[PDB]
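Have a look at the structure below, then the notes.
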Amino acid sequence: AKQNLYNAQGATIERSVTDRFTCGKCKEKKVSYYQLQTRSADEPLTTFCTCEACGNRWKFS
Amino acid sequence: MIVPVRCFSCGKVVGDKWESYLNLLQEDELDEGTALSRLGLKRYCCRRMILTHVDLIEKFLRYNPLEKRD
Amino acid sequence: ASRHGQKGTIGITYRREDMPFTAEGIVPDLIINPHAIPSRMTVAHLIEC
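Residue numbers (the numbering used here), protein chains in the order written: chain X, 266 to 326; chain L, 15 to 84; chain R, 337 to 385.
Shown next, in the form of structure tokens:
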């Protein structure tokens, strides 16, 4: 029963924790990040920051 | 292509020194830096003019404007 | 264009009097902007220079 109850759970998307960006909704700096080379290589990398305290999302490029 | 007469940057004249510069390289067996400084080339722009010159005039000269093939 | 993907166009030409000079009387044959270095990360341009 315990093993089944553990196996009925979904994938937990735990994101990298950092304390530099400031959220615009709750202003709690516990905002996760993800950065990649997605925009055209004529321009630098693109970062996307998501607040894990309220659900805010934004982009910096 | 024959050596530029003047320096593109400081206005100096380097055209006449090419013949004497070539002499020091094999008759005196000197290095390139000391040979370049032996002729009063002190700014590195004049050294740039003389040092990096591709003398293409000795290849066209073995040739005629008439009948090149492909 | 340079050998590191940095190309541009001539926007104006100046005569040797309006060119900034060093204490030794040397003058730049051309002048480029430094706002082109960071986002392109062409450190090889600087090292080649």
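By construction, the Cβ of each residue, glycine as well, lies at the ideal position given by its N, Cα and C atoms.
Asked, Found
"Interface flag, residue 365 of chain R vs chain L, CB-CB below 9 Å", "yes"
"Coil, strand or helix - residue 311 of chain X by DSSP", "strand"
"Best match in L:63, L:68, L:75, L:79 for proximity to residue 20 of chain L [C-alpha to C-alpha]", "L:63"
"Straight-line gap, residue 65 of chain L to residue 50 of chain L (C-alpha atoms, nearest Å)", "8 Å"
"Sequence-distant residues of its chain with Cβ nearer than 7 Å to residue 57 of chain L (five each side left out)", "24"
"Unbroken beta strand (DSSP E) run spanning residue 301 of chain X, endpoints", "296-301"
"Secondary structure of residue 379 of chain R, DSSP reduced to three states", "helix"
"Beta carbon proximity, residue 347 of chain R to chain L, threshold 9 Å", "no"
"Closest by C-alpha distance to residue 35 of chain L, when choosing among L:26, L:22, L:52, L:77", "L:52"
"Host beta strand (DSSP E) of residue 267 of chain X (start-end)", "Taken as a continuous stretch (DSSP letters only), residue 267 of chain X belongs to no beta strand (DSSP E), being part of the alpha helix (DSSP H) at 267-272."
"Cβ of residue 57 of chain L within 9 Å of any chain R Cβ", "yes"
"Proximal residues, the region 15-42 of chain L versus chain R, C-beta separation under 9 Å", "22, 23, 24, 25"
"The region 310-324 of chain X / the region 281-295 of chain X touching (three or more Cβ pairs under 8 Å)", "yes"
"Alpha carbon of residue 277 of chain X to alpha carbon of residue 270 of chain X, nearest angstrom", "15 Å"
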